[PDB]
$ cat entry_3.csv   # CSV, C-alpha atoms and all ligand atoms
chain,number,residue,atom,x,y,z
W,1,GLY,CA,-13.8,-10.7,-0.3
W,2,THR,CA,-15.3,-7.3,0.8
W,3,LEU,CA,-13.9,-3.8,0.6
W,4,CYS,CA,-11.8,-2.6,3.6
W,5,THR,CA,-8.8,-0.2,4.2
W,6,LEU,CA,-5.5,-2.0,4.8
W,7,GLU,CA,-2.9,0.2,6.7
W,8,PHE,CA,0.7,-1.0,5.8
W,9,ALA,CA,4.1,0.1,7.0
W,10,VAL,CA,6.8,0.2,4.1
W,11,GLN,CA,10.5,0.9,3.2
W,12,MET,CA,10.8,4.3,1.3
W,13,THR,CA,12.4,7.8,1.9
W,14,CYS,CA,12.1,10.0,-1.3
W,15,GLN,CA,9.1,11.2,-3.4
W,16,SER,CA,9.9,9.0,-6.5
W,17,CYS,CA,9.4,5.7,-4.6
W,18,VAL,CA,6.0,6.8,-3.1
W,19,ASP,CA,4.8,7.4,-6.7
W,20,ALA,CA,6.2,4.1,-7.8
W,21,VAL,CA,4.2,2.2,-5.1
W,22,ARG,CA,1.1,4.4,-6.1
W,23,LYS,CA,1.5,3.4,-9.8
W,24,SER,CA,2.1,-0.3,-9.1
W,25,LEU,CA,-1.1,-0.1,-7.0
W,26,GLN,CA,-3.1,1.9,-9.6
W,27,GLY,CA,-5.4,0.0,-11.9
W,28,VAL,CA,-5.2,-3.4,-9.9
W,29,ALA,CA,-8.2,-5.7,-10.0
W,30,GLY,CA,-9.9,-5.5,-6.5
W,31,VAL,CA,-8.5,-2.0,-5.6
W,32,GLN,CA,-11.0,0.8,-5.2
W,33,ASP,CA,-8.6,3.5,-4.0
W,34,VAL,CA,-5.2,4.2,-2.2
W,35,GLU,CA,-3.6,6.9,0.0
W,36,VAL,CA,0.2,6.9,0.4
W,37,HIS,CA,1.9,8.6,3.4
W,38,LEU,CA,5.7,9.1,2.9
W,39,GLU,CA,5.5,11.1,6.2
W,40,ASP,CA,4.4,8.0,8.2
W,41,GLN,CA,6.1,5.6,5.6
W,42,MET,CA,2.5,4.2,5.5
W,43,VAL,CA,0.3,2.9,2.6
W,44,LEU,CA,-3.5,2.8,2.7
W,45,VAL,CA,-5.1,0.4,0.3
W,46,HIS,CA,-8.9,0.3,-0.1
W,47,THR,CA,-9.3,-3.3,-1.4
W,48,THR,CA,-11.2,-6.6,-1.5
W,49,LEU,CA,-7.9,-8.6,-1.7
W,50,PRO,CA,-6.4,-10.6,1.2
W,51,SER,CA,-3.6,-8.7,3.0
W,52,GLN,CA,-1.3,-11.6,2.3
W,53,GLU,CA,-1.8,-10.8,-1.4
W,54,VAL,CA,-1.4,-7.0,-1.0
W,55,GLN,CA,1.9,-7.6,1.0
W,56,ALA,CA,3.3,-9.7,-1.9
W,57,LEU,CA,2.0,-6.9,-4.4
W,58,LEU,CA,3.7,-4.1,-2.3
W,59,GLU,CA,6.8,-6.4,-2.2
W,60,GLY,CA,6.7,-6.2,-6.1
W,61,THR,CA,7.7,-2.4,-5.7
W,62,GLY,CA,11.3,-3.4,-4.7
W,63,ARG,CA,10.9,-2.9,-0.9
W,64,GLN,CA,9.7,-4.5,2.3
W,65,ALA,CA,6.1,-4.2,3.5
W,66,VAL,CA,4.6,-5.0,7.0
W,67,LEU,CA,0.9,-4.7,7.9
W,68,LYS,CA,-0.2,-2.7,11.0
W,69,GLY,CA,-4.0,-3.5,10.7
W,70,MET,CA,-7.3,-2.5,9.2
W,71,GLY,CA,-8.9,1.0,9.2
F,101,CU,CU,12.9,7.5,-4.0
$ encode --input "entry_3.csv" --output "structure tokens"
Amino acid sequence: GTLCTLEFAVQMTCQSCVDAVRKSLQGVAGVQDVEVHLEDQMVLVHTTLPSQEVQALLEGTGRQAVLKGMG
């Protein structure tokens, strides 16, 4: 698997949940970096993981996640 930006749409509305997704994402094996956009309700994930896996990882933050595509 090679490094790419995954651009996901997610269910959140306040600043504590953004940070909870960022800290569920932080330190994961196969993630380089992230950028989280509460203003688009979007999540960028710079990763070698399959987007099927990152969806189920994002789902592990208590909310739904739907991919839009790659950067
Ligand atoms: Cu919140």
$ atom_distance --input "entry_3.csv" --atom1 "CA of residue 14 in chain W" --atom2 "CA of residue 47 in chain W"
25.2 Å
$ atom_distance --input "entry_3.csv" --atom1 "CA of residue 68 in chain W" --atom2 "CA of residue 27 in chain W"
23.6 Å
$ closest_residue --input "entry_3.csv" --among "W:67, W:28, W:38, W:2" --to "ligand CU 101 (chain F)" --atoms "only C-alpha atoms and all ligand atoms"
W:38
$ residues_near_ligand --input "entry_3.csv" --ligand "ligand CU 101 (chain F)" --cutoff "9 Å" --atoms "all atoms listed in the file" --output "count of residues only"
9
$ atom_distance --input "entry_3.csv" --atom1 "CA of residue 64 in chain W" --atom2 "CA of residue 6 in chain W"
15.6 Å
$ residues_around --input "entry_3.csv" --residues "residue 46 in chain W" --least-positions-apart "3" --cutoff "9 Å" --atoms "only C-alpha atoms" --output "ChimeraX atom specification"
/W:3-6,30-35
$ closest_residue --input "entry_3.csv" --among "W:1, W:7, W:37, W:25" --to "residue 59 in chain W" --atoms "all atoms listed in the file"
W:25
$ closest_residue --input "entry_3.csv" --among "W:69, W:58, W:49, W:63" --to "residue 29 in chain W" --atoms "only C-alpha atoms"
W:49
$ closest_residue --input "entry_3.csv" --among "W:42, W:70, W:52, W:60" --to "residue 11 in chain W" --atoms "only C-alpha atoms"
W:42
$ closest_residue --input "entry_3.csv" --among "W:43, W:56, W:21, W:36" --to "residue 8 in chain W" --atoms "all atoms listed in the file"
W:43
